[PDB]
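Engineer: Have a look at this one.
So basically every Cβ, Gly included, is an ideal-geometry build from the backbone, and we count neighbours across all protein chains shown. Computed from the coordinates by the stated procedures, all read-outs in this text should not be read as laboratory data.
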Amino acid sequence: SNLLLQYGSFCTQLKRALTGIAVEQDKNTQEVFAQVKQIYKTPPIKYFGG
Amino acid sequence: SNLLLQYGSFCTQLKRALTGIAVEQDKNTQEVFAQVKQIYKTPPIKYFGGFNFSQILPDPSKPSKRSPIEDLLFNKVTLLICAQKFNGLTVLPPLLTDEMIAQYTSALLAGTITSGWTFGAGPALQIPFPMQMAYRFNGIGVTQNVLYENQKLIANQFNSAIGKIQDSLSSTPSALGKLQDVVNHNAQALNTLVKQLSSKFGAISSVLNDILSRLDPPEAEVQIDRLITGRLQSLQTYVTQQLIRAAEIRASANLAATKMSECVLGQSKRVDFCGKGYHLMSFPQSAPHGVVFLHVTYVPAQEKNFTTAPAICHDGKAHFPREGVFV
Amino acid sequence: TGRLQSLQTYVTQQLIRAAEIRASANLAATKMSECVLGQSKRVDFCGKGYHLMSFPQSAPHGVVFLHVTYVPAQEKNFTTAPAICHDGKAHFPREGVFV
Amino acid sequence: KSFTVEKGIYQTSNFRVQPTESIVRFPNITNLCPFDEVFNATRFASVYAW
Amino acid sequence: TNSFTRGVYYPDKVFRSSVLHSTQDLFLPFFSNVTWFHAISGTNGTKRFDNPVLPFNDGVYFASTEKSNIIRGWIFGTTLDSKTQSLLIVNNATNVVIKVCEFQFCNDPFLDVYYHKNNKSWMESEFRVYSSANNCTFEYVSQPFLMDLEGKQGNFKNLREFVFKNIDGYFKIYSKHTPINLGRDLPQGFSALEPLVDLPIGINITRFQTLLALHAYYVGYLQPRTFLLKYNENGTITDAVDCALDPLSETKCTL
Amino acid sequence: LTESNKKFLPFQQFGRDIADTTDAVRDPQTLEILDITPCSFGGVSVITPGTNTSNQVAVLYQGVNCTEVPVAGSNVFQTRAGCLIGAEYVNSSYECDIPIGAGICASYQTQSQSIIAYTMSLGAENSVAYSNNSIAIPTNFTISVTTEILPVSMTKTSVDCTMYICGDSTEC
């Protein structure tokens, strides 16, 4: 580890990039699925006109 | 410089790739804004049937012919710049300065409010504003008699809504997040590139003068051999990160060109594309390294339930509504 | 290591460039399924002006579209009014402009 | 890499100005000896008394 | 008691304006206990000194509050005899004297007449702890650093703080004087130490002792730590925070 | 070197700033604080109308105050992009032929042939007659045919890693 710190900042770039990827994946599910504000509930009886 | 020639022609593409990115940013601004052929202007009077347009139309009191809404956007976006020019790194200015960017935006407003939407498909044809809104209610499924029977109430509803927009930006500090992260990522990448000069990459020292002076030439070349590749890979990473990031902006630039083509030069029937609800019309506003839209939508409220039946029999024959529901 | 770096650079450039082409390929697939197999109501999607139809044409490593559009001309001003009152009740046009 | 060029702009090289002379200001004012004062005394002495 | 914020100095001789910097040098850790170290030292009869030997754990931070000249000086060394080189620093009223030369052993202040404060106030008794040795080194006489700003009617206390450290042979002395009202040990506030004296004398040092003339001081040990210094306006250290005291400090150092 | 107004504290000497650049120094004699800045540099570019029509060019230096510092032709001009020599700043406005920057476009146009640089014009200025009651209905149309080009696929390639890197040598 005494040599890696001597090479500069080659971990901060590769730690700020995987964090940007990881937080982007949780974002992607939000637009696809969370398109509704309230949560609707189906009626118990299920006769939808045949 | 002599040691750089034995590696070959690596930085020739590095100058070529950044040229292609630079000429691309002068092309993204073109089709987003220059969708028109002639620059229009509004008449001196500004009575648009009872609709107040003072917030988005330009105000000539200030030197720059800008609007009060976009003036708030300019103060919020904040850009150090001095140290970047000191290591061979340059910042080329945009081809279109900010004065004519506002002039394209002012041209798009003038064609929209006066000529309706026909100026995007041929010569501009004038039409009074209260009948233009009658032709946008007609494309969402409601009839023209709704508007004129409630013209004054809709005018106050539009006028009060546009005043809430200015206070909405000032109250929320996370409003202009997307534009701010654009200039933040560029400046942060530059500082990480400059600070790579202090790194030694497993050499004697990070100053090229000390390696040449304190040590003899015969093994000075092997010391700067390790120093160059450490600096070269740092330069290679910067371009590759810029190449990926430039493609992401082009994806957003093409989407912004579509919204100006459809949501502004017409009424779009795509659900939840222009705005949240049934769409009416839109407004473009300039911004630092971006564009801001003002979508005007339609939302029903004040429900009331009823009883229905899908057909009517009168003389032994079924009847179906021409356009409507039997209530 | 100098020669292996050249492939590492060259493969990276082709991967980025191939992603741009696929973005153009998906746009061409949409235009063939909207501007050719029907009529599209999107403004300035199948060419400037009101759109009628299109004709695909083959090309080396590409495709060429011949959009047939509609453009009005020969304008003349008129005097108009939002509606018509005949017998104390307003009359609204069903499809036209009171000119 | 041609004998014919089309209209437009083309970057060729870069411009750099050059240094003119050198400036070295080592520490202030300076350190100095008083043995030079001996020279401006006046008289000397005997021959067995150098 | 526990030290609150004291123990910060300028690490280098570089001017930086309105910047946040990170430092790796040896420092006094925040929120660490300090021993009271009271010595009566009344000089009565035969010997009443309360001086033990201190282990010199990677430099010494020293704080004191005398009236005029009660606390006098220092010896640094290992064997504390003429065998090995020993530092000695004395703040005389005219000019300070610093002597690196080897000394056999320190002498003692005069065990004079019991009326130490009745009528005995004549300035005298230069009790000459310095001894004679052959192989003898250079001396660094300069301006006194223990100038006292006059405290009138109480509520004035010129607190003296000095850090002595040894890095790669070189011996660094940092000093500051805070003329602030204080009724509690090491009062609140933030104070950054200037660099004062450098010594190019490379010897082993593991022990030190204090000179009290007569006829009360806090000692702390420095450790390697990483801090976040803040430079504001004309290169003034307004604040510095730790990177290992608590998780909030770790996030502050990270961001 | 240049004069510095920033006040130093007496003990410190250097003037380093953000990143690792030295920014200010003090005089070793008479103890005066100075300020530093790198001397100017930049890239050069050539504006030409092509070898088909002529041979005159008009070079440009990027980000150099040529009024402040001499570069060493026909004329000199100041622009936010840099200094342009070889063209004159005409006052009229036309469309853009060769872009430079900050709304400056150059072209090879007559007044008897020379290279000129002007200010960009966004198009013909036009007005419309808005009114309380005014409509304009077209009476005739035009069936036009435009064109549009779209890439589809590039050329398939493949490599042989062993053969390319090692020229049929068993040691490599």
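Engineer: By the scheme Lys and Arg +1, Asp and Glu -1, what is the net charge of all other residues having a beta-carbon under 11 Å from that of E:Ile173?
Structural biologist: Net local charge, E:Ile173 excluded: 0.
Engineer: Taking amide hydrogens as modeled 1.01 Å from N in the peptide plane, which residues meet the under 5 Å criterion relative to E:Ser32, leaving out close sequence neighbours?
Structural biologist: E:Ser3
Engineer: If I model a spin label as a point 7 Å beyond the Cα along the Cα-Cβ vector, how far apart are those points for A:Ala34 and C:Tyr50 in nm?
Structural biologist: Result: 4.5 nm between the two label points.
Engineer: Within the range B:295-311, which residues have the backbone N less than 11 Å from the label spot 7 Å out from A:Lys41 along Cα→beta-carbon, could you tell me?
Structural biologist: Under 11 Å, as judged by backbone N against the label point of A:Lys41, lies no residue of the range B:295-311.
Engineer: Taking +1 at the Cβ of each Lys and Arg and -1 at the Cβ of each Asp and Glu, which of B:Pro300, B:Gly163, B:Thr229 sits farthest along the dipole of chain B towards its positive end, judged by Cα position relative to the Cα centre?
Structural biologist: So the residue we want is B:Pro300.
Engineer: Suppose a student asked you for the relative contact order of the range B:202-327, using Cα pairs under 8 Å spaced at least 6 residues apart; what percent would you report? Walk me through the numbers on the way to the answer.
Structural biologist: Working: 93 pairs, mean separation 14.6, N = 126.
Averaging sequence separation for qualifying contacts and normalising by length gives 12 percent for the range B:202-327.
Engineer: Taking a Cβ-Cβ separation under 4.7 Å as the criterion for a possible partner, which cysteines of chain E have none?
Structural biologist: Among the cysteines of chain E, those whose Cβ sits 4.7 Å or more from every other are E:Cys106.
Engineer: OK, next. Please flag any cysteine in chain B that has no other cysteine's Cβ under 4.7 angstrom from its own Cβ.
Structural biologist: By the Cβ distance rule, which asks for a partner under 4.7 Å, the isolated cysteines are B:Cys11, B:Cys82, B:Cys313.
Engineer: Let a ≥ b ≥ c be the square roots of the eigenvalues of the Cα gyration tensor of the range B:85-171; is it rounded (a/c under 1.5), or, if not, prolate (a/b larger than b/c) or oblate?
Structural biologist: Oblate is the answer for the range B:85-171, as a/c is 1.5 or above yet b/c matches or exceeds a/b.
Engineer: To the nearest 0.05, what FRET efficiency results for C:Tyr10 and F:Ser153 with a Förster distance of 30 Å applied to their C-beta separation?
Structural biologist: Details: r = 19 Å, r/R0 = 0.63.
Efficiency, from the Cβ-Cβ distance: 0.95.
Engineer: List, in the order given, every pair from B:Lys269/C:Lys76; B:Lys195/E:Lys165; B:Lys27/B:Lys259; B:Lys85/E:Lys13; B:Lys37/D:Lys7 whose Cα-Cα distance in the structure shown is over 21 Å.
Structural biologist: Flagged as over cut-off: B:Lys269/C:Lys76; B:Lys195/E:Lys165; B:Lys85/E:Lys13; B:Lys37/D:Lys7.
Engineer: Assuming a ≥ b ≥ c are the square roots of the Cα gyration tensor eigenvalues, decide whether the range E:152-255 counts as rounded (a/c under 1.5), prolate (otherwise, with a/b larger than b/c) or oblate.
Structural biologist: Details: a/c = 1.83, a/b = 1.15, b/c = 1.60.
It comes out oblate by the Cα gyration axes.
Engineer: Something else about it: Where both partners of a DSSP beta bridge lie in the range F:32-172, what percent of those bridges are antiparallel, to the nearest 5?
Structural biologist: Rounded to the nearest five, the antiparallel share is 85 percent.
Engineer: Only counting other Cβ atoms within 10 Å, I'd like B:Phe283, B:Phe119 sorted with the fewest neighbours first.
Structural biologist: B:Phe283, B:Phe119
Engineer: Among the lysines, select those whose C-alpha is under 21 Å from the C-alpha of A:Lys41, and discard any that sit fewer than 8 residues away in the same chain.
Structural biologist: The reachable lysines, counting only those whose Cα sits under 21 Å from A:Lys41, are B:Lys304.
Engineer: Could you check the simple spin-label distance between B:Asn184 and D:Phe35, using points 7 Å along Cα→Cβ, in nm with one decimal?
Structural biologist: Taking the simple label geometry, B:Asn184 and D:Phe35 are separated by 6.9 nm.
Engineer: Taking the Cα centre of chain E as origin, sum charge times position over the Cβ atoms of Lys and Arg (+1) and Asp and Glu (-1), and report the length of that vector in debye to the nearest 20.
Structural biologist: 400 debye
Engineer: What FRET efficiency do you get for A:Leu3 and B:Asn145 if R0 is 60 Å and r is their Cβ-Cβ distance, rounded to the nearest 0.05?
Structural biologist: 0.15
Engineer: Which percent, nearest 5, of DSSP beta bridges in chain E are antiparallel?
Structural biologist: Of the beta bridges lying entirely in chain E, close to 95 percent run antiparallel.
Engineer: Give me the net charge of E:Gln104's neighbourhood, meaning all other residues with Cβ under 13 Å from the Cβ of E:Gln104; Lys, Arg count +1, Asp, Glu -1.
Structural biologist: Neighbour charge sum, excluding E:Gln104 itself: 0.
Engineer: The range B:221-317: which chymotrypsin sites (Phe, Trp or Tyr not before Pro) are DSSP loop and have at most 13 other beta-carbon atoms within 10 angstrom?
Structural biologist: For chymotrypsin sites (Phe, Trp or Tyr not before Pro) across the range B:221-317 that sit outside H, G, I, E and B with at most 13 neighbouring Cβ atoms in 10 Å, the list reads B:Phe273, B:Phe306.
Engineer: What are the ³J(HN,Hα) values, in whole Hz, obtained from phi via the Karplus relation 6.51 cos²θ - 1.76 cosθ + 1.60 with θ = phi - 60°, for each residue of the range C:89-99 in sequence order, with x given for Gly and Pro?
Structural biologist: 10, 6, 10, 10, x, 7, 9, x, 10, 6, 10
Engineer: E:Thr137: net charge of surrounding residues, Cβ under 11 Å, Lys/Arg +1, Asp/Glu -1, itself excluded?
Structural biologist: Numbers: positive: E:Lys99; negative: E:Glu102, E:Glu139.
Spelling it out: positives minus negatives among the neighbours equals -1.
Engineer: Determine, from the Cβ-Cβ distance of E:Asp108 and E:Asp168 and an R0 of 35 Å, the FRET efficiency 1/(1 + (r/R0)^6), rounded to the nearest 0.05.
Structural biologist: Efficiency, rounded to the nearest 0.05: 0.45.
Engineer: Let me ask something else about it. Short version: ³J(HN,Hα) in whole Hz for each residue of the range D:34-50, in order, from phi by Karplus 6.51 cos²θ - 1.76 cosθ + 1.60 (θ = phi - 60°), x for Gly and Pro, what are they?
Structural biologist: Karplus-based 3J(HN,Hα) across the range D:34-50 equals x, 5, 5, 4, 3, 4, 9, 6, 4, 10, 10, 8, 7, 9, 8, 10, 3 Hz.
Engineer: Classify the range F:24-172 from the C-alpha gyration tensor, please: rounded if a/c falls under 1.5, else prolate or oblate depending on whether a/b exceeds b/c.
Structural biologist: Because a/c hits 1.5 or more and a/b fails to exceed b/c, the range F:24-172 counts as oblate.
Engineer: Can you sort B:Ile224, B:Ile211, F:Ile100 so the residue with the fewest Cβ neighbours within 10 Å comes first? Please report the intermediate quantities before stating the final value.
Structural biologist: Working: B:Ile224 16, B:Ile211 19, F:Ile100 25.
The fewest-first ordering by Cβ neighbours comes to B:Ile224, B:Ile211, F:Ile100.
Engineer: What ranking of C:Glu20, B:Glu149 emerges when the number of other C-beta atoms within 10 Å of each C-beta is taken as an exposure proxy, fewest first?
Structural biologist: On the way: C:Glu20 13, B:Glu149 9.
Ascending number of Cβ neighbours within 10 Å: B:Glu149, C:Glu20.
Engineer: DSSP beta bridges in the protein assembly as shown, what fraction antiparallel, as a percent rounded to 5?
Structural biologist: Just about 95 percent of them are antiparallel.
Engineer: Kindly write out, for the range B:200-208 in residue order, the coupling ³J(HN,Hα) from the Karplus curve 6.51 cos²θ - 1.76 cosθ + 1.60 (θ = phi - 60°), rounded to whole Hz, with x marking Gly and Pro.
Structural biologist: Ordered by residue, 3J(HN,Hα) equals 9, 6, x, 10, 5, 7, 8, 10, 5 Hz.
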